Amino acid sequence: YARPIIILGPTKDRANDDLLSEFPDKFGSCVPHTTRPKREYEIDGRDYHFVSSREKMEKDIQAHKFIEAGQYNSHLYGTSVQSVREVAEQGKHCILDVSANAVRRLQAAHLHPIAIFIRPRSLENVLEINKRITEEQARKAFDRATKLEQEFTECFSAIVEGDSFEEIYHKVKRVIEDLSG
């Protein structure tokens, strides 16, 4: 059984991608839920779990069946504990892009997520670790990271830092195997 992964902070998206691209056997993603209509070639239980009733969803929600859920284009979307669960049962780390909120909800399900926080040392340090952004994008990212840390520090399984993404990525991989057992 494999603990799901929640990576937070600057470059978490590249981390998320690289783990998948490098270790596809050890990592995967769950199927999300949505109210919105199944399109032409789309598939129930592959693209999404589609829910017919906007209410049945809301019923499943408050019952806590979802670790995170929300509204887009006047339709609903969510990540069920279940869909996550089936990924984990498969022996695969479930890559999650979720609020730190979902971590509590995740712990509560006896699913034991590894929540890693990539910590920017400064503004400049964000620019070292992500070379595809402007100073101004970096300021915003450094600020999101400061609130994030200010708020959710205790939800973290680990905190990683580095002078390059390479170094960060390495720590991320170390942490995951170490806490995997």
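We call the rigid core the largest set of C-alpha positions that still match within 1.5 Å between the two forms. The numbering used is simple: start at 1 and walk along the sequence shown.
Overlaying the structures in 6 other deposited structures of this protein on the rigid core, point out which of 39-47 and 133-141 has the bigger RMS C-alpha shift.
-> Farther from the shown form on average in 6 other deposited structures of this protein: 39-47.
Once you work out the mean C-alpha B-factor for both 160-168 and 20-28 from the entry, which is higher?
-> Between 160-168 and 20-28, it is 20-28 that shows the higher mean C-alpha B-factor.
Which is higher in the entry, the mean Cα B factor of 87-95 or that of 70-78?
-> If you average the C-alpha B-factors of 70-78 and of 87-95, the larger mean comes out for 70-78.
Which listed residue, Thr153, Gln62, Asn125, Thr146, has the largest C-alpha temperature factor in the record?
-> That would be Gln62.
Residue with maximal Cα B-factor (values as given in the PDB entry) among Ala141, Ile118, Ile43, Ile114 | Highest C-alpha B-factor among the listed residues goes to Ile43.
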